[PDB]
Amino acid sequence: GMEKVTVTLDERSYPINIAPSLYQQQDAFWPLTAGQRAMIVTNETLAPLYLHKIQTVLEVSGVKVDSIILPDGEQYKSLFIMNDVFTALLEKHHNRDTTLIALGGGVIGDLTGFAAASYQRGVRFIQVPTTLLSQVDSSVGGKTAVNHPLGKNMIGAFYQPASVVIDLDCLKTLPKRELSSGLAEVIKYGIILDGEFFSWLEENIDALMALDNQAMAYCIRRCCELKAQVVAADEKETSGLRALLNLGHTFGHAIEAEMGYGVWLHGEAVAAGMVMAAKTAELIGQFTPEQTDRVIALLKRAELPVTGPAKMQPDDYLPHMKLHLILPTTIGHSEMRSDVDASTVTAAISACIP
Amino acid sequence: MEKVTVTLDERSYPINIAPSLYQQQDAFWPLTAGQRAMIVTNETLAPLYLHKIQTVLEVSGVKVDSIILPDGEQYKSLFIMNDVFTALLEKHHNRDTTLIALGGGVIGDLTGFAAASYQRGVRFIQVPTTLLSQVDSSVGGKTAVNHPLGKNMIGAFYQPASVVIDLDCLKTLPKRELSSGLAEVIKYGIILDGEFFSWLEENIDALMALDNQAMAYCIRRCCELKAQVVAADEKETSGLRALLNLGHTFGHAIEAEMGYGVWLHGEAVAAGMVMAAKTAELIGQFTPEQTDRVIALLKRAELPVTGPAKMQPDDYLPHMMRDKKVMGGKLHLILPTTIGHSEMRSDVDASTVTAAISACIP
Ligand SMILES: NC(=O)c1ccc[n+]([C@@H]2O[C@H](COP(=O)([O-])OP(=O)(O)OC[C@H]3O[C@@H](n4cnc5c(N)ncnc54)[C@H](O)[C@@H]3O)[C@@H](O)[C@H]2O)c1
Ligand SMILES: NC(=O)c1ccc[n+]([C@@H]2O[C@H](COP(=O)([O-])OP(=O)(O)OC[C@H]3O[C@@H](n4cnc5c(N)ncnc54)[C@H](O)[C@@H]3O)[C@@H](O)[C@H]2O)c1
Ligand SMILES: [Mg+2]
Ligand SMILES: [Mg+2]
């Protein structure tokens, strides 16, 4: 079906529209209108699949389109690459009324967003996310950035899109491993914020894996709804409410750091991380094995790992991680708990060794 | 000590102005003991003021790192800004750090955008060391770096936490740069406050001599005036803020044709304001007596009131049009209406512009 989320943050409002074949609808790329310009930023993987189609629809609507195609990879989320986007914009004489269109995943999304924030101190930005992860995570919060060699996402801006266009057909070309990686973050929302959504996932996860339009549209809509509610409740990260979004990410970062880029995908590491966080919550005396087993079972349904790499030992995790962890309190409720003992965390990691 | 409080885009900050302010109690508020700062400066200012400022901060309990960048508009680049990020990350500066911009407007813009972008925004304090940056950069929140295809094309609106103006720093500023700053001082009087203009006619000698009491009042009032115009035209579009471009359309032509550093920005603005005055005479809104007052005061500040001998009227016009597209070619000018009042005039005839330029040929 067609789902729609209106997000209202920092006194902005924008729509997220979600439907199969959305790229082909009239005014799907609103607020762009006839006579205006757009610069599509995409990567070498997405370009042959969607760039021509999108350019055609925009140009039939009176919109003048330029494009820049970047290589595929996290390493291109760079200040030097963002400068090349500025060069493309300036070489084609794009003025402050241009719109940047991020056609791709979260890598493209982050780089383009920061480019839109910074070009002439801010031009309009439309997200066209093509991974499940970016549909359910990047589409809300306004975080844009590029990397520095000494820290990921260290250079950037809070900058909100004018609209987010989610055509579910784009998921038909997404590798299944990337689809599952996105579903780790989908499941996370259920654990941290909405136990009823978790139950809905238990009942519909097979349809999501099959790219069912009705399930996936609702799935995306609810994740965005949940994310927008938590960002709205602490837009300046006052409380630790936005921090809850990091369930499994402390453990997961350790895995990504030791294993290297593309070896474990982000959502795969987060999946194993959520289990380790659940086990931690059991050991401090606040979670039951039955609750943890529900998290484990559902992750396996989504074809996600629930064990750590055999290749790392527990002592390899902690240098990457006295300790601040996001822990579940129920299925549907969570907390930031600081001062967790390292031996508690290592015991939890040890319980997930294959 | 003068103080201006500025409140724009729901932020509020003080601009404090005094001789020997670098040495005074809580001069770098809101930085407080136990916090970190990274001072960004250039190779010219570093031997003059970096040690002094570091000492005062460290005596206040503030932990200080610094980076020294090369001096010049040609270094106001994304790539040089990247070195700031590297210095911050190498010393493990977290989101609670403060960037201190110690230098002129070039340092101020690059540091400001660095502060806007580092971890998506850290605190920023301005320590402007040119008159131009004291009276122009200190309000508005425009930060930026240049791209080879356009000046100030990459940046952010980002306001400082405070602006620290120690008048003593002007004692080392070259006299030509002091005059260039006084062009923008005089502009304020023309566009917004005729009583300030009259005060300038009575005090310009003291300002040229760096009199502390005059200069403190001069800087306070300019910041006040710029803040009033920006605050009114934040939520309105149109362009009350565009009034800040008096003389800048003519002046950009001069800077563009004469080349980098040949005419300083305020020298070009000076001659531009005269041309704008002449234009306002020719459309029937200004008198020669009014224009004469502008000319006389500019000369007292050692600024030009004529265009370069090398440029003819047709050399100005391609630079003054919004662009050269078929639907472009339009000359939009800020004109004075009195001494103290100004307006945007759209679609000014080329013959009027050529006559006004011609009236200022040496
Ligand atoms: N709030 C935020 O701004 C936010 C949130 C989470 C993640 N991020 C950032 O997002 C990035 C990760 O994003 P991602 O997981 O979407 O990875 P990604 O953008 O690298 O895309 C994953 C892979 O799938 C390819 N791909 C994408 N869409 C496709 C499609 N429809 N068909 C075929 N292949 C396709 C990409 O080319 C790439 O090879 C990280 O840089 C992360 O920091 C940002
Ligand atoms: N609102 C804004 O953000 C805004 C407004 C006006 C100008 N600007 C920018 O400011 C820049 C021009 O600034 P500027 O005129 O200060 O030039 P500048 O920063 O290049 O300084 C002029 C010269 O004086 C030297 N210097 C500065 N202070 C000194 C002192 N106390 N003693 C000895 N030498 C000193 C500098 O090192 C430089 O050589 C431009 O890039 C312009 O875009 C921005
Ligand atoms: Mg994540
Ligand atoms: Mg100026």
Side-chain angles (χ1 to χ4, degrees), chain A residues 42-50 69-78 102-114 127-147 152-153 156-161 166-182 184-186 188-189 227 231 242 245-250 252-253 256 261-262 265-271 273-274, chain B residues 105 120 132-133 135-137 140 142 180-181 183-185 187-188 226 244-248 251-252 255 264-270 272-273:
Chain A
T42 191
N43 79 20
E44 282 166 26
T45 297
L46 281 309
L49 296 177
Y50 305 108
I69 315 300
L70 301 174
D72 189 340
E74 176 76 20
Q75 63 269 45
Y76 304 98
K77 213 172 96 158
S78 153
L103 180 58
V107 172
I108 285 292
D110 272 356
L111 162 72
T112 308
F114 186 42
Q127 293 179 12
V128 187
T130 60
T131 66
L132 180 64
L133 191 144
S134 53
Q135 290 157 2
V136 302
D137 204 354
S138 312
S139 57
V140 174
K143 283 172 175 202
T144 77
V146 296
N147 299 326
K152 278 142 179 311
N153 296 331
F158 288 94
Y159 204 70
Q160 310 292 343
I166 301 175
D167 187 331
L168 300 171
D169 295 345
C170 77
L171 300 175
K172 289 212 110 175
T173 57
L174 186 73
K176 300 295 153 187
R177 225 183 135 189
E178 289 292 358
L179 186 72
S180 285
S181 178
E185 297 289 0
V186 167
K188 182 183 79 183
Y189 290 119
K227 201 189 173 171
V231 174
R242 203 160 164 163
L245 296 175
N246 282 332
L247 184 75
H249 284 62
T250 315
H253 170 263
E256 290 185 75
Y261 173 63
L265 308 187
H266 176 70
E268 293 165 352
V270 169
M274 293 190 289
Chain B
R120 317 197 186 75
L132 182 292
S133 54
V135 302
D136 201 359
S137 312
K142 283 180 178 189
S180 175
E184 293 290 359
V185 169
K187 177 182 78 179
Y188 289 120
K226 197 188 175 172
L244 299 172
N245 282 332
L246 180 81
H248 286 59
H252 171 66
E255 287 189 76
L264 305 191
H265 176 70
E267 292 163 352
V269 167
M273 294 190 286

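Order of listing sets the numbers, starting from 1, for every ligand and every atom in it. Order of the sequence lines sets the chain letters (A, B, ...), proteins ahead of strands, with each chain counted from 1. Just so it is clear, the values below take in all heavy atoms, side chains as well, and ignore hydrogens, waters and symmetry mates.
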With only distance considered, is A:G106 within less than 3.5 Å of ligand 1 through an N or O on each side?
yes

Is a side-chain N or O of A:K77 found less than 3.5 angstrom from the main chain of A:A145, in a donor-acceptor match?
no

Test item: A:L103 and A:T130 side chains (from C-beta on) under 4.5 Å apart, heavy atoms
yes

Can you find a non-hydrogen atom of A:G141 under 4.0 Å from ligand 1?
no

shortest atom 16 (O) of ligand 1-to-protein heavy-atom contact is with A:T131 OG1, 2.6 Å

How far is atom 35 (C) of ligand 1 from its nearest protein heavy atom, and which residue and atom is that?
A:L174 CD1, 3.8 Å

Atoms of ligand 1 close to A:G105 [distance to a heavy atom under 4.0 angstrom, numbered from 1]
16 (O), 19 (O)

shortest atom 32 (N) of ligand 1-to-protein heavy-atom contact is with A:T173 OG1, 2.8 Å

What are the two closest heavy atoms between A:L111 and A:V146, and how far apart are they?
CD1-CG1, 3.7 Å

When you look for heavy atoms under 4.0 Å from ligand 1, do you find them on the side chain of A:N153, its backbone, both, or neither?
side chain

Should the proximity of A:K77 to ligand 1, defined as any heavy atom under 4.0 Å, be assigned to the side chain, the backbone, both, or neither?
side chain

What pair of heavy atoms forms the shortest contact from B:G266 to B:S180, and how long is it?
N-OG, 2.9 Å

Closest non-hydrogen protein atom to atom 7 (C) of ligand 1, residue and atom name please, with distance?
A:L133 CD2, 4.0 Å

Any side-chain heavy-atom pair from A:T173 and A:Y50 closer than 4.5 angstrom?
yes

Whether the side chain of B:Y188 engages the backbone of B:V135 through a donor-acceptor N/O pair (distance < 3.5 Å, no angle test) should be reported.
yes

Nearest protein heavy atom to atom 28 (N) of ligand 1, by residue and atom, and its distance?
A:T130 OG1, 2.9 Å

Quick look: A:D110 vs ligand 1, heavy-atom contacts under 4.0 Å, and the answer is side chain

Gap separating the NZ atom of A:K188 from the CG atom of A:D137, nearest 0.5 angstrom:
5.0 Å

Any nitrogen or oxygen of A:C170, side chain or backbone, less than 3.5 Å from one on ligand 1?
yes

At under 4.0 Å between heavy atoms, what of A:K227 touches ligand 1? The answer is side chain

Would you check whether A:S138 reaches within less than 4.0 Å of ligand 1, judged by its heavy atoms?
yes

So which of the N, O or S atoms of B:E184 lies nearest the Mg ion (ligand 4)?
OE2

Can you tell me if A:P175 has a non-hydrogen atom under 4.0 Å from ligand 1?
yes

Do B:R120 and A:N153 make a side-chain contact, defined as non-hydrogen atoms from C-beta onward lying under 4.5 Å apart?
yes

Could you tell me whether a side-chain N or O of A:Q135 sits under 3.5 Å from a main-chain N or O of A:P129, the two making a donor and an acceptor?
yes

By atom name, which N, O or S atom of B:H248 is the nearest to the Mg ion (ligand 4)?
NE2

Any heavy atom of A:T45 under 4.0 Å from ligand 1? The part involved is side chain

Do A:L265 and A:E178 come close enough that some side-chain heavy atom pair is under 4.5 Å?
yes

Taking everything shown except A:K176 itself, do over 12 heavy atoms lie less than 6.0 Å from its NZ?
yes

Give the atoms of ligand 1, by number and element, whose distance to some non-hydrogen atom of A:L46 is under 4.0 Å.
26 (N), 27 (C), 28 (N), 29 (C), 30 (C), 31 (N), 37 (O)

What residue and heavy atom of the protein are closest to atom 23 (C) of ligand 1, and at what distance?
A:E178 OE2, 3.6 Å

Show the atoms of ligand 1 that are less than 4.0 angstrom away from any heavy atom in A:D137.
5 (C), 6 (C)

Quick one: look at A:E74 and ligand 1, take heavy-atom pairs under 4.0 Å, and tell me if it's side chain, backbone, both or neither.
side chain

Protein heavy-atom partner closest to atom 18 (P) of ligand 1 - residue, atom, separation in Å
A:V107 CG2, 3.9 Å

Numbered in order shown, the ligand 1 atoms found under 4.0 Å of a heavy atom of A:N43 are 36 (C), 37 (O)

Closest non-hydrogen atoms of B:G105 and B:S137, given as atom of the first, atom of the second and distance, are CA-OG, 3.8 Å

Could you give the distance from NE2 (A:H266) to NE2 (A:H253), rounded to the nearest 0.5 Å?
10.5 Å

Taking the side chain as everything from C-beta on, heavy atoms only, tell me whether B:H248 gets closer than 4.5 Å to B:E255.
no

Among all protein heavy atoms in this structure, tell me which lies nearest to atom 37 (O) of ligand 1, with the distance rounded to 0.1 Å.
A:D72 OD2, 2.7 Å

A:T45 and A:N43 have their tightest heavy-atom pair at N-OD1, 2.8 Å

Mind checking whether A:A145 contacts ligand 1 via backbone (N, CA, C, O), side chain (CB onward), both or neither, at a 4.0 Å heavy-atom cut-off?
neither

